[PDB]
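Asks: My sequence and its experimental structure, below.
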Amino acid sequence: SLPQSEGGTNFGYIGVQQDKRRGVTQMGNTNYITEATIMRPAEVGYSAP
Amino acid sequence: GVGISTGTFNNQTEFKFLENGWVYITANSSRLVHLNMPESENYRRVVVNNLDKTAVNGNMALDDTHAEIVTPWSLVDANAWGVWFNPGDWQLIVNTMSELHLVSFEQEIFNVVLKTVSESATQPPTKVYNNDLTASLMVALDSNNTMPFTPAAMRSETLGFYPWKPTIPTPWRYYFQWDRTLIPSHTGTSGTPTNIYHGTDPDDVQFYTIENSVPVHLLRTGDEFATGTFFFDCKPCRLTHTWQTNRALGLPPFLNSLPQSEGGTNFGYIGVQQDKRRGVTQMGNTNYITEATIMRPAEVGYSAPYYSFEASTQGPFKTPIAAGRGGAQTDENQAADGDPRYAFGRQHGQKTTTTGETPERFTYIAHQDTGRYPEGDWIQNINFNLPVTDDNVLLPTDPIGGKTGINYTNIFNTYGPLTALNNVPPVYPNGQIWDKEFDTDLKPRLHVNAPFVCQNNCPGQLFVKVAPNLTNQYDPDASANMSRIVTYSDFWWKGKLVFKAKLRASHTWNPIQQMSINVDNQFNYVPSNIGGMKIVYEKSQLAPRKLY
Amino acid sequence: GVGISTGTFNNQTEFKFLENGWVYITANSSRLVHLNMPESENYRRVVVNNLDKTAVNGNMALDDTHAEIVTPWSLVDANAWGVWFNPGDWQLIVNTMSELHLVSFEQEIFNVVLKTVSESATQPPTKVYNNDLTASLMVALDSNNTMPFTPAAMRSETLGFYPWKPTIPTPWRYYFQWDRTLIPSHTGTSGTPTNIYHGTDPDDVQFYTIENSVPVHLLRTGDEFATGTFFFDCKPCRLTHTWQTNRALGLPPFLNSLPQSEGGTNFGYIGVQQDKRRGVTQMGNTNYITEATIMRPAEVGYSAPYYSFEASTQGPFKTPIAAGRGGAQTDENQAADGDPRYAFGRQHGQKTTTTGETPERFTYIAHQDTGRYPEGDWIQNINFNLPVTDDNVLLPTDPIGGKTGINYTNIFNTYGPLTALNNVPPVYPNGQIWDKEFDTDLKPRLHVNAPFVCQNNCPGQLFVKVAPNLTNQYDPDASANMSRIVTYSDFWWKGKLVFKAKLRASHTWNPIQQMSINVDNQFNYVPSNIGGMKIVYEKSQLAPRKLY
Amino acid sequence: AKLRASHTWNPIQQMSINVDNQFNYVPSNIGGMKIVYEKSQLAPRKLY
Ligand SMILES: [Mg+2]
Ligand SMILES: [Mg+2]
């Protein structure tokens, strides 16, 4: 779902239920595939004390 | 010209054996590819923002907020094992060979066809499809890797895995920069935790176009496009799993008392008091030397945070894990080992007769025992006065920060200069094959999506696009609709991926793990009463290795 | 032949660096071009005459009266900076390089397609477009420059500035001679001041046709046409602006008293009586030696009449102005300095989503401070008895010829043998790039529409036209007009423009003017939620130079 | 060092002056003067 007017809240939508999407995650439990869940090849940066 | 084919279909897989047991695996792959004209001939910056779900509190992990450039170009990605091998092939490779090198990759596009739909013609009223001979298909190969690398395997959007079933590319799209804050919360946190999309850091803006970076070729029916042959350079990938954890490295303790009848409780006994034993440990206090105490040369595998999420500039994201598997008999922390989970549809494995929007799934648990079972972790006090007091030990049962469902292992990390690791195993068939390396000054010791990483140069991405087939009325000065004849293309794609592998040898008295069928199992490898069919995930590192 | 492409899309911009910092900028450009058959296959002499607006009295400046030859040919003009560089390109050029030479220019036409409409088939009833394989596209290249020069940049009618957005040529037309008198007037003026179009000086009649002057190529689908490589010869265009006006040329006067605390009104003082000072002036009378008085080697810039209109054979026209900019902070008299003003549409910069026929506009105010601020002008009497009497000075306040709104600066002209000038700065993206030189025995020292002027010979203009696709009923002897099959063509255009530039170098302690983004501004360079998009005015001569 | 090249449609961050800023780079009424910290990695790259 792509927007059909310009503007600041005219968002686009992925358009598939979060638990029925196709793709790869490192979460053996859920079928949730979201931008925060989705696998990435590695990790950029690191957290330190 | 028109009536003259420009290529040959070949989905044949060749194994050429050489001397010193080197094999030369030539995987050929061919597909018919279908492509429609773009939704619009324009580039778009679109923002997705599900406050809809994130504002709920405790639904942070459901964040989909991002920005994206939607291009009128489509991507031909064949970067997945299933494009190149059928199961029988994978059987052969996996049971019989000890390592695997990635050598070369070439591909071409041929027998291009373009048809225009149009139209309402005629009798209740029907549609009819004609050839536009003079029409063109746009092809562009980003051989310089000018453009964002987007492996389609991650979204299970590669080419189809079946040679006799046609397939499609995917609309190309790439990340555009966005700032973003999303503050964590639980069901209880109320008030409204800040959950905002700030915009775009101008210092980070990069808008790419195919047109300005890559030479574009127009292919009519009689035209053909072929790439060079690209030669890879990466490490070898091994087809053997290691089974030893720290507890099985080196010289086991001599048993002074050996069993003297067969049976299931007829144990052997070390036969020396645990505090009167000889050996080396890193425990300066006690004179206890036991199998969990005894020194080992280094550490196999590592402990990592789970399910850890970290956040930078563009929002929160999961912390990735390398190892696995680590748990005993059929019990694993599929998160502490970060065992990857693949969701895919019909084109890539699901039963092709299955109706419904729900994807097929599985969780790959590697054979290589290098992970952790944090349930078994613990931490004692310096004094090692044992049996240990509750106050002198920290268990994976004791809550941390006063949360019932959180313990120390969730934040734990034992990566260190003594850490040993293997690379990820190939995940057949939905796995990625190779992946480009990060252009960072210091690089990851591996990637978790693919075993082959190109430090050199990687094959450029291949993009296709139906050329604008205009009608007679076109006014560019007009804001109004791009007026185009409905046009689409069929073209064939052939690729050649070459490996160089090495045959295994029997080093033990006992036999080993290998694929087969099986009275179970047997029905995942044949079609059905109707036109089948299914492709099943199936491991890769079946034979044991030997760490130490 | 039919199904075989005859060219390659390339809109790629290559920057190839050589020794001693000479760079070899090869700007490639490609567009898909759309073209309909002529409105009639005939040449027409049409006259325009707006007595409706000129007879108004006080409306002399609104004259549009002229004569014109309308040709069945269309013009493919690529003469505009926006055709060749995107902002990213332009940024590089302007910020890092000091001058710019024009080297070579070639173009070709390929993958021609001709389609016939016709239409009517069937039910509600809709229209349908088929390929005419045997149909031809006429292409003619006027390499001898036989025909009137019509740079389209002046009417914002060049090719599109977006690679992925198709475009069109513009209908060709040229000026045909006409005599014309129009007497100026104001609102108060009685009677009807004479306002007539007398007709056409037979001694000055020139009727040109493509057919009789230029070789014409017929291109069917499989044909292609390429021009040679044209090599320019011109002066360099500089990418640095000069900041010095007369008031800052040479040795500043010695300060005998320097301030001794920081601050905003802690000025320094020369410390010598203005009439007891040493130096050279061009004032034979006084012994006053001041900064506005002290001699300078010559004069930077010149004063010009504004808004001056002059009239010849064919009517009135504005007197054009060279220099600019001349005023201080944020106030510049955009007419005394003749700052140019650009109007353009969607294809060339205006937001492509904007509906309505109102064009986007801007006024280019150059960085090079070489203009005038006539409010600051004045003229003293020979005697220089000052403070000056009202009788001895002529101000830009004192009315001339008894008009409240007119002063001497409106007719003033200080061009002279001591005048120093720069050439016009490039106007990205709507500015013209190169321009033909007048075939007058004596030539202008510059042009205001473009920085590069071919005194050699300029590239020929390129003309296209759909060939007459006749129906079976055709009678040339017949007065009724030609019934032709409705035909149109899509063809691809590729051009290559090569520059040779030189890298600048830092010679000052301070940094300098350079383009960037910017939390403002940042959004003129990316598409939108829908298909974008916009190209914005962006200067050209950013880094300072030095006159003297 | 090595010269950069434009890879995007958009322009990018780069140093300049600036109606602000402009007075940190010239001396003063007296003998100036000041030198100001100023970053270094202005142009975008691309990780992946
Ligand atoms: Mg095991
Ligand atoms: Mg200035």
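Replies: Yep, it's here. Residues are numbered from 1 along each chain as shown, chains lettered A, B, ... in the order given. Ligands and ions are numbered 1, 2, ... in the order given.
Asks: Spell out the secondary structure type for whichever residue of chain A sits closest to chain D.
Replies: Closest contact between chain A and chain D, by Cβ to the nearest Cβ, is at residue A:44 (6.7 Å). Quick note: C-beta positions are derived from backbone N, CA and C, even for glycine. Secondary structure, DSSP: H, G, I helix; E, B strand; the rest coil: residue A:44 is coil.
Asks: Give me the number of neighbouring residues for it.
Replies: Other residues near residue A:44 come to 14 when the count uses other Cβ atoms under 10 Å in any protein chain shown.
Asks: Is it in contact with residue B:442, as I believe?
Replies: No. Counting by Cβ atoms under 8 Å, residue A:44 stays clear of residue B:442, with 11.0 Å between them.
Asks: what ranges do the strands span in chain A?
Replies: Along chain A, counting by DSSP state E, strands occupy A:23-25.
Asks: Close to chain D: what parts of it are there?
Replies: Within chain A, the residues that sit near chain D (Cβ under 8 Å from any Cβ of the partner chain) are A:41, A:44.
Asks: what does chain A have sitting close to chain B?
Replies: Residues of chain A found near chain B (Cβ under 8 Å from any Cβ) are A:2-3, A:11-14, A:16-18, A:20-29, A:31-45, A:47.
Asks: can you pull the contacts of the residue sitting nearest the centre point of chain A?
Replies: The residue lying closest to the centre of chain A (Cα atoms, centre = their mean) is residue A:35, at 2.1 Å. By Cβ atoms under 8 Å, 6 or more residues apart in numbering or on different chains, the contact set of residue A:35 is B:63-66, B:315, B:317.
Asks: what's the answer for residue A:36, then?
Replies: Residue A:36 neighbours (Cβ under 8 Å, 6+ apart): B:60-63, B:309, B:315-318.
Asks: Tell me the buried residues in stretch A:27-38?
Replies: Buried residues in stretch A:27-38, defined by neighbour count with 16 or more other Cβ atoms under 10 Å in any protein chain shown: A:27-28, A:31-38.
Asks: is chain C contacted by stretch A:8-15?
Replies: Yes. Using Cβ under 8 Å from any Cβ, stretch A:8-15 reaches chain C at A:10, A:12.
Asks: Quick one: end-to-end length of that stretch, please.
Replies: 19 Å (Cα to Cα, to the nearest Å).
Asks: Residue of chain A nearest chain C, please.
Replies: Using Cβ to the nearest Cβ, the single residue of chain A nearest to chain C is residue A:3, 4.5 Å away.
Asks: doesn't residue A:10 make contact with that residue?
Replies: Yes. Proximity of residue A:3 to residue A:10 meets the contact threshold set by Cβ under 8 Å, at 4.3 Å.
Asks: OK, contacts around the closest residue to chain B within chain A?
Replies: Using Cβ to the nearest Cβ, the closest approach of chain A to chain B is made by residue A:28 at 2.5 Å. By Cβ under 8 Å, 6+ apart, the contact list for residue A:28 reads B:332, B:334-335, B:339, B:341, B:363.
Asks: could you redo the last one with a cut-off of 7 Å?
Replies: For residue A:28, the contact set (Cβ atoms under 7 Å, 6 or more residues apart in numbering or on different chains) comprises B:334-335, B:339, B:341, B:363.
Asks: ditto for residue A:1
Replies: Contacts of residue A:1 (Cβ under 7 Å, 6+ apart): A:12-13, A:15.
Asks: Neighbour-wise, give me the winner out of these.
Replies: Busiest of those [other Cβ under 10 Å] is residue A:12, holding 19 neighbours.
Asks: Please name the nearest non-neighbouring residue to that residue.
Replies: Nearest residue to residue A:12, sequence neighbours excluded (Cβ to Cβ, 6 or more residues apart in numbering or on different chains): residue B:46, at 4.0 Å.
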